[PDB]
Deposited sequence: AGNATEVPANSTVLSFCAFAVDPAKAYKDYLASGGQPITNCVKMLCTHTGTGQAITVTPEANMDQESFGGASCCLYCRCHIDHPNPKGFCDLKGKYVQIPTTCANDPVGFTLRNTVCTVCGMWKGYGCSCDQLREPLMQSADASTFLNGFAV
């Protein structure tokens, strides 16, 4: 499952673009990301030092949601997810890996642009 898609991305000259193209081909999103059993009364910001999911999110272990960490390859950012917790809207939690790649954290409020920001 994941090994097939991850192997495909790991050796592509652009891993993120390969995952994107893969998904656009109807590919199955990477699974096995780890979720936190949290309060859901957090700030709701995107990437935090402790789980911060609010009622509309899930909190995942950062490294388990990072394409480069999962492909065991060098990062192009080292890694701003590893060791942190990533808050993902529940309606998008079916693809934690793809969500951080496709979205942007607001430099001002710390929340995902389009899902919490302003």
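- Gaps without C-alpha coordinates occur at 1 to 8, 86 to 88, 130 to 152, with positions taken along the deposited sequence from 1.
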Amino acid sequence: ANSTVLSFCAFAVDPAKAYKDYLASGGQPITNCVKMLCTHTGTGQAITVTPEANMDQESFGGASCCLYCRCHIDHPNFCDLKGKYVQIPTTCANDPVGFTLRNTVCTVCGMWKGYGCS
From here on, numbers count along this sequence of modelled residues.
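- Once the C-alpha B-factors are averaged per stretch, 81 to 89 and 24 to 32 rank with 24 to 32 first.
- Of the two segments, 63 to 71 and 33 to 41, the one listed with the higher mean B-factor is 33 to 41 (C-alpha atoms only).
- Highest CA B-factor among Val13, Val108, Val97, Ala16, as stated in the entry: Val108.
- Per the PDB record, residue ranking by Cα B-factor puts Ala1 in the highest third of the chain.
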